[PDB]
There are 2 protein chains.
Amino acid sequence: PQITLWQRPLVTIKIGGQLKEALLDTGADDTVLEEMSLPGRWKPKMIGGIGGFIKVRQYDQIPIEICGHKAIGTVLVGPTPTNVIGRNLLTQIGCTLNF
Amino acid sequence: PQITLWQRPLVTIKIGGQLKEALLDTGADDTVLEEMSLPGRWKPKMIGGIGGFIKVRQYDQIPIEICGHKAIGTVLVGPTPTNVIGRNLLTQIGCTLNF
Ligand SMILES: COC(=O)N[C@H](C(=O)NN(CCC[C@@]1(O)Cc2ccc(cc2)C/C=C\CNC(=O)[C@H](C(C)(C)C)NC1=O)Cc1ccc(Br)cc1)C(C)(C)C
Ligand SMILES: [Cl-]
Ligand SMILES: [Cl-]
Ligand SMILES: [Cl-]
């Protein structure tokens with residue numbers, strides 16, 4: 001698709017068999033989702049946002065579908081104001097910025 | 001142009017007579033820049049992102065140039081860790097996400 005930016009670029013994602021809404025954020029290096037259960041072991045990561053730093057749980061090699069496009073990558077879980085899809089998965093689905 | 005998302009999508013902006021580097025952020029509601037002087041009236045604002053909120057000054061009807069494309073809009077100025085161009089100016093230069 002081509003998505004304009006007059007409204008928030010909110011899309012539907014599917015992870016762990018569940019649908020969620022998430023924001024396509026090209027200012028984000030990483031993908032961060034609100035609290036949820038995922039399989040496997042996790043590693044610690046401290047990430048910084050506009051308000052400061054948070055601790056999150058890092059899960060690697062997680063399947064996730066974004067607007068129907070299949071990706072498999074790193075997902076961070078923790079106290080975020082909204083689910084954000086960052087460049088690590090934007091690049092997997094072939095996203096670019098055009099103007 | 002077409003901008004790849006393998007790296008952070010940084011561009012040069014011209015604003016208030018100054019040249020600055022800033023991140024094109026499709027998930028950002030607002031444009032927020034590190035401390036700098038701008039002309040005219042302002043009002044304070046709290047803005048939230050990962051890690052919580054910071055207090056900024058809001059200046060409206062500010063001219064800006066982004067990769068050679070002129071626009072005008074609201075610019076927020078405060079202790080942001082990094083300069084972000086949000087959707088309020090990205091729309092004006094005809095920036096879309098495509099995949
Ligand atoms: C390299 O570090 C990062 O990539 N950090 C990201 C990040 O915060 N990116 N920022 C870009 C903006 C992300 C976001 O768009 C996510 C984000 C999108 C949308 C919401 C909240 C957060 C929804 C709620 C309110 C609206 N708030 C926003 O739009 C705010 C605002 C424009 C006001 C700063 N937007 C954002 O906070 C830039 C940045 C880079 C380095 C550091 Br240290 C700190 C910040 C993530 C924490 C999301 C992974
Ligand atoms: Cl990844
Ligand atoms: Cl505006
Ligand atoms: Cl348009």
Side-chain angles (χ1 to χ4, degrees), chain A residues 1 3 5 7-97, chain B residues 3-10 22-32 34 46-56 76 78-87 90 97-99:
Chain A
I3 296 170
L5 299 174
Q7 307 161 352
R8 286 194 181 162
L10 287 172
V11 296
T12 298
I13 60 166
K14 174 158 73 168
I15 182 161
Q18 294 305 319
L19 302 182
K20 298 168 178 285
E21 290 224 276
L23 187 65
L24 301 189
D25 200 299
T26 53
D29 293 353
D30 291 328
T31 293
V32 60
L33 303 184
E34 301 166 13
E35 182 55 43
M36 60 174 300
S37 282
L38 284 171
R41 287 185 58 83
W42 61 274
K43 294 178 183 335
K45 193 173 196 192
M46 268 271 271
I47 58 175
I50 305 280
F53 279 85
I54 66 170
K55 254 58 129 24
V56 296
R57 310 201 307 278
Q58 177 177 328
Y59 294 89
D60 293 320
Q61 201 161 338
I62 304 292
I64 172 169
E65 201 174 277
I66 297 143
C67 278
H69 287 65
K70 298 180 228 299
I72 307 175
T74 294
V75 169
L76 306 182
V77 176
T80 174
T82 49
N83 292 324
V84 295
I85 306 301
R87 288 179 312 96
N88 74 303
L89 298 182
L90 302 174
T91 53
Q92 291 203 17
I93 66 169
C95 209
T96 57
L97 283 178
Chain B
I3 306 280
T4 188
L5 299 165
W6 294 120
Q7 290 83 37
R8 296 173 177 158
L10 289 174
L23 182 63
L24 299 181
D25 190 350
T26 56
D29 281 359
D30 312 310
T31 293
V32 57
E34 302 166 331
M46 296 276 273
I47 68 293
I50 283 267
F53 288 78
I54 56 170
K55 183 189 182 178
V56 296
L76 308 182
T80 181
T82 200
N83 293 337
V84 173
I85 294 157
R87 291 190 295 104
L90 293 175
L97 284 151
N98 296 82
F99 61 107

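The basis for the numbers below is simple: all heavy atoms, side chains too, and nothing from hydrogens, waters or symmetry mates. Each chain gets a letter, A, B and so on, in the order its sequence line appears, and its residues count up from 1.
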Given side chain to side chain contact (heavy atoms under 4.5 Å, CB included), test A:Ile64 with A:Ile85 step by step and report yes or no.
CA-CA 10 Å; A:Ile64 172 169; A:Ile85 306 301; 4.3 Å; yes
If you apply the rule side chain to side chain contact (heavy atoms under 4.5 Å, CB included), what do you find for A:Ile15 with A:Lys20, and how did you get there?
CA-CA 8 Å; A:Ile15 182 161; A:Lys20 298 168 178 285; 3.8 Å; yes
Ignoring hydrogens, what is the shortest heavy-atom contact between B:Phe99 and A:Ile3? Give both atom names and the distance.
CE2-CD1, 3.8 Å
Approximate separation, where rounding is to 0.5 Å, of [X] [atom1] and [Y] [atom2]:
| X | Y | atom1 | atom2 | value |
| --- | --- | --- | --- | --- |
| A:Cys95 | B:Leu97 | SG | CG | 4.5 Å |
| A:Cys67 | A:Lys14 | SG | NZ | 13.0 Å |
| B:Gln7 | A:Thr91 | CD | OG1 | 10.0 Å |

Derivation and outcome, side chain to side chain contact (heavy atoms under 4.5 Å, CB included), residues A:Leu76 and A:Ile47:
CA-CA 9 Å; A:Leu76 306 182; A:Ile47 58 175; 3.8 Å; yes
Just by modelled atom types, is the A:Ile72 backbone N or O under 3.5 Å from a matching donor or acceptor in the A:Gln92 side chain?
yes
Scan for side chain to side chain donor-acceptor pair (under 3.5 Å) pairs involving residues 61-82 of chain A, sequence neighbours excluded, and state none if there are none.
A:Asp60-A:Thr74
State, yes or no, whether a side-chain contact exists between B:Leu23 and B:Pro9 at a heavy-atom distance under 4.5 Å.
yes
Check: residues 50-57 of chain A side-chain donor-acceptor pairs under 3.5 Å, at least two apart:
unit_1, atom_1, unit_2, atom_2, d
A:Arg57, NE, A:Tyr59, OH, 3.0
A:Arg57, NH1, A:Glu35, OE1, 2.9
A:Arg57, NH1, A:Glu35, OE2, 3.4
A:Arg57, NH2, A:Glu35, OE2, 3.2
A:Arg57, NH2, A:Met36, O, 3.1
A:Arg57, NH2, A:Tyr59, OH, 3.2

Set out, in order, the CA-CA distance, both residues' side-chain angles and the distance that settles side chain to side chain contact (heavy atoms under 4.5 Å, CB included) for A:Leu38 and A:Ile62, then state yes or no.
CA-CA 8 Å; A:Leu38 284 171; A:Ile62 304 292; 4.2 Å; yes
Could you pull out every donor-acceptor pair under 3.5 Å between side chains of residues 26-33 of chain A and any protein atom, sequence neighbours left out?
unit_1, atom_1, unit_2, atom_2, d
A:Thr26, OG1, B:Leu24, O, 2.8
A:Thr26, OG1, B:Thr26, N, 3.0
A:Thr26, OG1, B:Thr26, OG1, 3.4
A:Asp29, OD1, A:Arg87, NH2, 2.9
A:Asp29, OD1, B:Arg8, NE, 3.0
A:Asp29, OD2, B:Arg8, NE, 3.4
A:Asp29, OD2, B:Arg8, NH2, 2.8
A:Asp30, OD2, A:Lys45, NZ, 2.8
A:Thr31, OG1, A:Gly86, N, 3.0
A:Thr31, OG1, A:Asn88, OD1, 2.8

